[PDB]
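>
Protein chains: 2
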Amino acid sequence: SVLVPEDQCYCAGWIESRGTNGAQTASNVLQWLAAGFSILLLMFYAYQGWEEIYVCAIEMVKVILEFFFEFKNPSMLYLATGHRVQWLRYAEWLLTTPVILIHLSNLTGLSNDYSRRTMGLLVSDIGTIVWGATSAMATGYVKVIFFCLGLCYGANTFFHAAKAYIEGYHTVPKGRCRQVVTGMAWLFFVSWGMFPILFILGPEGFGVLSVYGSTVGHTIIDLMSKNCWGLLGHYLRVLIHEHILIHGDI
Amino acid sequence: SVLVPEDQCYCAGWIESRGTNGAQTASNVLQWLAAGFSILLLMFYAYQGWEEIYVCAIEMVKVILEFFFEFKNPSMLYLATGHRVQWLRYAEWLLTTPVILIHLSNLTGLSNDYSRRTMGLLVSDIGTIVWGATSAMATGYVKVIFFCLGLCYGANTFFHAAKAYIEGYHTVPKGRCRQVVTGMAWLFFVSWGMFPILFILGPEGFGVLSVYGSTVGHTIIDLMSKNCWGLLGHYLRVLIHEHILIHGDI
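As they're listed, the protein sequences go chains A and A'. A prime marks a further copy of an entry chain.
The first sequence maps to residues 26 to 73, 80 to 281 in the authors' numbering.
The second sequence maps to residues 26 to 73, 80 to 281 in the authors' numbering.
1) Taking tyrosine 121(A) as the reference, which of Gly158(A'), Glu97(A'), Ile133(A') has the closest Cα?
2) Mind pulling the alpha helix (DSSP H) runs of 4 or more residues that sit fully within the segment 193-274 of chain A'?
3) Please check if any C-beta of chain A' sits within less than 8 Å of the C-beta of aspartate 144(A).
4) Out of curiosity, what's the CA-to-CA distance linking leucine 138(A') and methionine 150(A')?
5) Just checking my contact of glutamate 83(A) with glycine 264(A) at CB under 8 Å: how many whole Å lie between their CB atoms?
6) Compare the C-alpha of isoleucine 95(A) against each of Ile275(A), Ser52(A), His114(A), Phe69(A) and name the closest.
7) Tell me which residues share the same chain as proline 234(A') and place their Cβ nearer than 6 Å to its Cβ, disregarding the 5 neighbours each side in the sequence.
8) Along chain A', in chain order, which residues have C-beta atoms closer than 9 Å to that of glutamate 90(A)?
9) Does the contact criterion of 3 or more C-beta pairs under 8 Å hold for the segment 28-38 of chain A' versus the segment 33-51 of chain A?
10) Alpha carbon to alpha carbon, how far is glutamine 117(A') from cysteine 259(A')? Give it in angstroms, no decimals.
11) Just to make sure I have the definition right: I need the residues of chain A' whose C-beta is within less than 7 Å of the C-beta of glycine 158(A). Which are they?
12) If you draw a straight line from the C-alpha of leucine 153(A) to the C-alpha of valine 29(A'), how long is it?
13) Quick one: measure Cβ to Cβ for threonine 250(A) and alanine 88(A), integer angstroms, because I've assumed they're closer than 8 Å.
14) What residues in the segment 98-121 of chain A bring their beta carbon closer than 7 Å to a beta carbon of chain A'?
15) Could you pull the DSSP bridge partners for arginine 115(A) from this structure?
16) Between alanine 51(A) and chain A', is any beta-carbon pair separated by less than 8 Å?
17) Please determine if the segment 61-72 of chain A' and the segment 203-216 of chain A' are in contact, where contact requires at least 3 C-beta pairs separated by less than 8 Å.
18) For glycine 199(A'), which residues of its own chain have a beta-carbon under 7 Å away from its beta-carbon, when the five flanking residues on both sides are left out?
19) Is it buried or exposed for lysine 257(A), if we count other Cβ within 10 angstroms and need 16 for buried?
20) Which of the three DSSP states, helix, strand or coil, is assigned to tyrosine 172(A)?
21) For the beta strand (DSSP E) that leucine 28(A) lies in, which residues bound it at each end?
22) Can you pull the chain A' neighbours of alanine 169(A), defined as C-beta to C-beta under 8 Å?
23) If we cut at 8 Å on Cβ distances, does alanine 192(A') have a partner in chain A?
24) Which one of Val86(A), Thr170(A), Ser106(A) has the shortest CA to CA distance from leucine 126(A)?
25) Give, in chain order, every unbroken run of the alpha helix (DSSP H) that is at least 4 residues long and sits entirely within the segment 114-168 of chain A'.
26) Is any beta-carbon of chain A' found at less than 8 Å from that of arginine 147(A)?
27) Against chain A', does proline 129(A) count as a neighbour if the rule is that its beta carbon must be under 8 Å from one of theirs?
28) Could you tell me the distance, in whole angstroms, from the CA atom of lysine 174(A') to the CA atom of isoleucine 277(A')?
29) Taking all protein chains shown into account, decide if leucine 141(A) is buried (16 or more other Cβ within 10 angstroms of its Cβ) or exposed.
30) What residues of chain A sit near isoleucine 133(A'), judged by a beta carbon separation below 7 Å?
31) Counting only Cβ pairs nearer than 8 Å, list the residues of chain A' close to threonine 165(A).
32) Please work out which residues of its chain come closer than 6 Å, Cβ to Cβ, to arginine 268(A'), disregarding the five sequence neighbours upstream and downstream, and give them in chain order.
33) In chain A', which residues lie with their C-beta within 9 Å of the C-beta of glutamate 31(A)?
34) Alpha carbon to alpha carbon, how far is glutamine 56(A') from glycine 44(A')? Give it in angstroms, no decimals.
35) Can you name, in chain order, every residue of its own chain whose Cβ lies under 7 Å from the Cβ of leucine 270(A), other than the five neighbours on each side?
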């Protein structure tokens with residue numbers, strides 16, 4: 026029984042180790058890289080539509096904050112349950128995923144319309160993160176219930192996302208265009224699929240990986256699902272622009 | 026200096042009053058009404080597309096949870112800052128607003144396409160709530176910084192939402208259709224505008240209204256922006272269906 030004075034709060038959980046020093050170094054190193062790779066990307070985009084820029088801009092801001100305030104509220108939530116919920120992550124998710132799926136709905140970027148599949152793809156996406164976040168907060172079996180909701184909404188997201196890649200495959204010309212679309216799909220599903228995997232391995236789930244360890248992994252698939260994927264998406268719209276210069280609209 | 030034993034946590038803020046008994050009664054009474062009005066609406070919709084149903088379904092689930100677990104995690108977050116952030120509210124916001132704005136982008140419900148205005152309207156909407164939520168969590172001037180971000184994203188949302196109502200005004204026929212569109216716009220902006228107002232009056236802001244008091248107000252504008260607005264939207268699509276039965280497509 027410890028003695029906490031006056032206003033100051035207390036909770037055994039908030040003092041838990043953040044991770045080994047080795048993981049701390051690995052995290053910060055990747056943090057700088059992520060900020061540097063995004064700065065070179067923003068330069069590249071600015072030099073040479081908003082879907083690649085805005086997303087990359089949010090990625091730069093995040094890592095900067097994740098380097099200065101990763102464990103400081105409200106980037107990290109210190110709940111009365113003693114668990115540390117990384118709100119910074121789930122907040123950034125809500126700001127990027129929608130744009131990435133909007134980019135997904137219009138891979139070629141030629142058309143000016145969006146189908147009803149996009150609405151469902153967005154709705155299910157935002158819901159997945161919501162449940163997933165509520166899971167990180169929840170405690171007990173409730174944490175499982177909400178994770179299950181995350182799997183259902185997530186499945187619907189991957190379901191419409193798959194149909195989007197397929198329609199995007201048979202739409203684009205059979206050359207390096209379809210080669211890229213496939214490369215985008217694999218980079219997409221692998222990365223996007225790793226998040227619920229890391230979630231289970233991290234402090235939000237069974238806590239195999241430490242907080243620093245979770246960030247090390249996330250930053251990796253953040254560059255995969257954001258920077259690299261968006262760059263591939265950009266390359267596709269360039270190849271599509273190169274095809275309509277040769278054979279015109281077709 | 027109090028003595029907290031072992032694992033159990035402590036924080037002066039988590040013990041703060043929830044509100045007067047009168048407000049407690051007013052809240053629960055409205056909670057039942059909201060659940061009853063949504064049940065009659067769900068019956069009405071089922072009897073007689081998904082935009083009105085799904086939204087009304089989430090409204091029913093919420094109030095049910097807000098009646099059983101309003102102050103229980105993770106419906107409410109007990110942060111180390113001593114502040115009680117109602118995550119239930121901000122989570123439900125992310126699940127409904129997008130659908131309501133999607134309904135807004137296709138008022139007549141005739142077309143099968145969505146413009147780029149919808150993407151911006153959604154993106155800015157989801158961002159507003161994110162910042163607004165981060166504000167409820169944040170402490171100090173940072174709470175102001177993030178609220179400002181909420182005003183900017185929110186402004187962009189109201190901006191595209193206004194253009195959507197205007198395009199929706201000159202699109203629908205000049206009869207009871209345009210009369211309804213105007214009634215939907217006023218019900219929309221008033222209600223939607225009240226949220227940041229209640230936020231400032233509530234425990235998240237300057238705390239003029241209690242936690243029970245904040246819920247009393249929110250539930251009111253939740254029925255305005257959700258149930259009543261969606262019902263108006265439904266009525267519009269019925270009137271539009273009545274016009275194309277008389278004068279055909281025009």
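Note that CB positions come from ideal geometry on N, CA and C, so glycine has one too.
The short version:
1) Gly158(A')
2) Listed in chain order, the complete alpha helix (DSSP H) runs (minimum 4 residues) inside the segment 193-274 of chain A' are 207-232, 242-253, 260-274.
3) yes
4) 16 Å
5) 7 Å
6) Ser52(A)
7) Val242
8) Simply none; closest approach about 15 Å.
9) Yes, the segment 28-38 of chain A' is in contact with the segment 33-51 of chain A.
10) So the alpha carbons of these two residues sit roughly 24 Å apart.
11) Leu126
12) 45 Å
13) About 17 Å separates the two Cβ atoms, so there is no contact after all.
14) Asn104, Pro105, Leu108, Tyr109, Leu110, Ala111, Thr112, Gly113, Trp118
15) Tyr109(A)
16) Not closer than 8 Å to any Cβ of chain A', the Cβ of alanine 51(A) fails to qualify, so no.
17) no
18) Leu138, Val212
19) With 16 or more Cβ atoms within 10 Å of its Cβ, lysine 257(A) is classed as buried.
20) DSSP, reduced to helix, strand and coil, places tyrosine 172(A) outside both helices and strands of the structure shown, so it counts as coil.
21) 27-29
22) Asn104, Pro105
23) no
24) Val86(A)
25) 118-136, 147-168
26) Yes, its Cβ sits closer than 8 Å to a Cβ of chain A'.
27) yes
28) 55 Å
29) exposed
30) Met150
31) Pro105, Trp118, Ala122
32) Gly140
33) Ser26, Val27, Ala37
34) 16 Å
35) Taken in chain order, the residues that qualify are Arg207, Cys208, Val211.
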